[PDB]
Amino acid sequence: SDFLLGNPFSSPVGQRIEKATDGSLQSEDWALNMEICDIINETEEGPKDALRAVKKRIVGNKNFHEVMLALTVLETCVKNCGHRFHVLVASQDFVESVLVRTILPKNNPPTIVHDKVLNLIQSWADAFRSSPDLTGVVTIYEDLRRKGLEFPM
């Protein structure tokens, strides 16, 4: 079931993601962002633990600087981690609940966040189109374009 009670920021990687996306940061902390990639690549629970922490920081957050820092952590992890992580991040539920819901009208984020999310959805769809087990993001990308949403590039 989805009735999970452990705080997403308490796991090993969750502790680093919390610090890497705290609003007191002036800019990205690249040492922490890469340490997060290492934990995802090297440990069994890192991939799923990382997605729960990133989702905690992004969902319902009106501090859009924290949202940006977390989207940068996500961007970094897809570029610097492997298929084990890609299969979890490309899922329909993760992409809909963390990326699409962040840009729906109801949430009304600033342009910098809208553009960051569009770029992630489109870049991931392009990179993952060739893999049959990474379709969730590709389907959402094509559906958003079919509905009228404009993308860059």
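Start at 1 and count along the sequence shown; that's the residue number.
- Once the C-alpha B-factors are averaged per stretch, 24 to 32 and 109 to 117 rank with 24 to 32 first.
- If you average the C-alpha B-factors over 4 to 12 and over 143 to 151, the higher value belongs to 143 to 151.
- Across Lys55, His65, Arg84, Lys48, the entry's maximum B-factor at the CA atom is seen for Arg84.
- Per the deposited record, the Cα B-factor of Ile39 falls in the middle third when ranked against the other modelled residues of its chain.
- In the deposited entry, the Cα temperature factor of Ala125 sits in the middle third of values across the chain's modelled residues.
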